[PDB]
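So this first bit is one chain, no partners, the form deposited in one PDB entry, shown in structure tokens.
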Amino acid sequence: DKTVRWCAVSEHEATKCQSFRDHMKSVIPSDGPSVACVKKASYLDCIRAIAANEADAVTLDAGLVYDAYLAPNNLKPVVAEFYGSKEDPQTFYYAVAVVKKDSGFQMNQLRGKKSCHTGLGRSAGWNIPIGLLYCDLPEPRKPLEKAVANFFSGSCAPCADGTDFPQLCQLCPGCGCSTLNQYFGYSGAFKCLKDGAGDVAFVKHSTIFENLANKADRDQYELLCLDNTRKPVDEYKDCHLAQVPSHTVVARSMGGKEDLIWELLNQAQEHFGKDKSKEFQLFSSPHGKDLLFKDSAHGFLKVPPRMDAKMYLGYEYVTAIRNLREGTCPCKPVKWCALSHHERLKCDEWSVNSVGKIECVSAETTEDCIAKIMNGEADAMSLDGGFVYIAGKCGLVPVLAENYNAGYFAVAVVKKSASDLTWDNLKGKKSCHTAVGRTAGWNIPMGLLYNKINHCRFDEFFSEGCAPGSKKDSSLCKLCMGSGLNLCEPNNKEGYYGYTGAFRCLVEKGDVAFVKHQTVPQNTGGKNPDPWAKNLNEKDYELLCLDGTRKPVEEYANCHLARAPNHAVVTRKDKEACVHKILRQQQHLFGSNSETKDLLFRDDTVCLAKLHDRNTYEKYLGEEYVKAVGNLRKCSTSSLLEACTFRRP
């Protein structure tokens, strides 16, 4: 058997699950998955049951998704309910802080204001705002209501203990926890702001649109962003307190059975989903409310496999609820993340030389590092421009740029003896790329190529090549050099990976190499002692210009594909100022006055440059870079980018 043991927290849910199980037997063959129904007393008991391998799946609210993640449960979200349109699936809501336009305060100025909450104990209206504000609350913070009552000068916190903490009901006397209170619920908390009772309303992103029809009235309101900035109310995706998943199915991190659960649920919706009008409806409960799933759901989406719980809830949500659960308050040391075995050792030397200012965490992949920076396990790392795009679309920001002397020049290099080649026709040639999705060796060359050919299936534009990161069966892996499972992989164990590796690929197999303007000079004329490069002469290679002509290697300024953005340090926005200081101070002490090659920082970097103007990824990379990368995503799967595109399309 291959059965999904579904968990029920009530006797009505168990009856739903049993009807579920029986109706599935009629639409799924013997080859497919079955339902079994485990009934426990509570969602926590279900979580412990799934972790103890006594059940397989349950669907939880976000707060319980957090509890399911913690040790020793270690559950992960696998399937998400969506709501509204099939064309526009709404999987998350946004907790926001609405304010009146031109009221003159930011998130870090909330103390002493007047607040409107949807209700004590609710997510958007209490748990998230108070969780994020927890360390700003006066001491003692137990009980929590007393601390909030001594933070906001007066509030409307429905369901709060107004007898003991009357400040919490100054704007709705009695703190009535019923719609009899005009300022209760999601509309009421907003009305508390509209009517002028309060200064800020902690609500969901859609309340403002549900209670104000005209946009003219909606331009009188703004949102507080966590960076102490405001934005308009329809920019909640860039100015919220937390992005919360509505209702998501969790499963064991190892031991699945994610594959089975999705197959079961996906076929369940195709047969008993919304508007299928069978005798059994998946999202209906003839007796009860929201049994197994929210009755308002319209279907299920499969959660991308890269996604863990901290990443799916988001950094701000996890921060807020962790503050509520544990209640621990203190630039700190900067946790730099490293990759290879050789790269972590350089960081250790840096850490002891920094005297505590720098610490070191490590991962196996750049994407694993990027993930650790999102959820707080790490703070900063230096990234290729293509990874800055990934990191930016995951909410990270560039802080400093590595300067090598505006940016460097991306070039296309050919062997001069082949005077046949020209930029105007490389169809059916042999290409050598640094890796897939990188600035010099992919995003700039293949971005330009997309405009002439109108697709990103470069496997059938070139004859063959080596572009590490491609699928191992691809023609763009046939010229690669790594052996075993190292063939075509984007790491050091593939000899044609990187700036120099791509050049070596041109020297030994390829017709054209896409690199940076320093590559060919750095590896010719005996400068590179390796046997493959020791006897090469820079004069034997030329650059392909956009003209259609060719020019010598040293004349890259007038024979360049484009100007490339240099590698940059990325971190999350709440650490931008701190990394900006500690690093620029470490740079003034260990700067322009690695053992292997290109460890932690590129080895041709003079200093880490101030940014100011270009402090976001679209501003740093540029309009045409992000536009080109947008086309190239149609043919390239970065599983980390797939997870971040699930939260922020």
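The term rigid core refers to the maximal set of C-alpha atoms that superpose within 1.5 Å between the two forms. Numbering starts at 1 and follows the sequence shown.
Another form, the form deposited in another entry, is not on view; read the next lines as being about it.
*Asks:* Considering only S284, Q90, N558, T365, which residue exhibits a C-alpha shift of no less than 2 Å between the shown form and the other one, with the rigid core used for superposition?
*Replies:* The listed residue whose C-alpha shifts by at least 2 Å is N558.
*Asks:* After the core is overlaid between the shown form and the other one, has the C-alpha of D259 moved by 2 angstroms or more?
*Replies:* No.
*Asks:* Once the core is aligned, please say if the CA of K393 is shifted by at least 2 angstroms between the shown form and the other one.
*Replies:* Comparing the forms between the shown form and the other one, which are aligned on their rigid core, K393 does not shift its C-alpha by 2 Å or more.
*Asks:* Superposing on the rigid core, is the CA of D511 displaced by 2 Å or more between the shown form and the other one?
*Replies:* Yes, because once the rigid core is superposed, the C-alpha of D511 moves 2 Å or more between the shown form and the other one.
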